[PDB]
């Protein structure tokens, strides 16, 4: 089918960590950008309006651009950039299946590295794996890093001379991340994204992960892991059988990554929280103000389209 979406680029401020508000260029004013969910073979049309002060593009990572290379989104190579105030339309056929993503391709070290210019693009195979058939919950985790020294000033950041001192999943640092709430018997698909410039060793306590897809394509030889290394650009899809009730932390195992501005704990940390496990008095997330769509799992149930999430919106 033909699916047409309108996107903006906005200058907004987001709260990444306690102690760290960050100036970003949010797609539709949010970080992660809106979930785009379509079916294998669809014709996609995205009209982009640049409501910021600087030029951008959108590149569709993993999208072949079969017969549409002029929509690849690379300045100086497939198009001239989208300037401030201007608009531009992308058209492509979603013939590549799986977990894809989209991001700015202007000044990528800064725009993608620390200005949040990215979001998920999920293409459903017309014919999914048997394994995907059993899935009861779909989960998106986009990891990135932040440089506090340049949080308020567009135009700097993302070089080897900068210090990345805050780490996140879906643009929040623990304890501002949210738990992954499951019930016994759930079949959980988790899609990891190396959205920023760091490497993330994602480790699930209490469970092994079945690695089923690399960069959205199904592996002929899936393998189990308790720790999955995710590096810039990559995606890994895993399956977790939620058959082991408890509270099980789920986090980046890169030691410096579980800090925030030098202080521990912080970073890409969540907790697999099983329904019905009694909450202890000392539980860090006792009485959490809970967001069931922090990993886009509600949005992912709503069919094809473009989904904003107010939990990800920034302030003007």
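Positions refer to the first chain, counted from 1.
Student: Between 157 to 165 and 195 to 203, which has the larger average Cα B-factor in the PDB entry?
Tutor: Mean B over CA atoms: larger for 157 to 165.
Student: If you take the mean CA temperature factor per stretch, which one wins between 209 to 217 and 85 to 93?
Tutor: Looking at the record's C-alpha B-factors, the answer is 85 to 93.
Student: Looking at the C-alpha B-factor values in the deposited entry, which of 65, 39, 51, 270 comes out highest?
Tutor: The record points to 51.
Student: Identify, among 74, 121, 182, 131, the residue whose C-alpha carries the highest B-factor in the deposited PDB entry.
Tutor: Top of the list by C-alpha B-factor: 131.
Student: Ranked by Cα temperature factor within the chain, is residue 295 in the lowest third, the middle third or the highest third?
Tutor: For residue 295, whose C-alpha B-factor we compare with every modelled residue in the chain, the answer is the lowest third.
Student: Comparing residue 31 with the other modelled residues of its chain, is its CA B-factor in the lowest, middle or highest third?
Tutor: Its C-alpha B-factor, which the entry lists for residue 31, ranks in the lowest third among residues of this chain.
Student: Going by the entry, which third of its chain does the Cα temperature factor of residue 257 land in?
Tutor: Within its chain, residue 257 is a middle-third residue by C-alpha B-factor, going by the deposited values.
Student: Check where residue 189 lands among this chain's C-alpha B-factors and tell me if it's the lowest, middle or highest third.
Tutor: Lowest third, going by the recorded CA B-factors of the chain.
Student: Going by the recorded CA B-factors, say which third of the chain residue 170 sits in, lowest, middle or highest.
Tutor: Middle third, going by the recorded CA B-factors of the chain.
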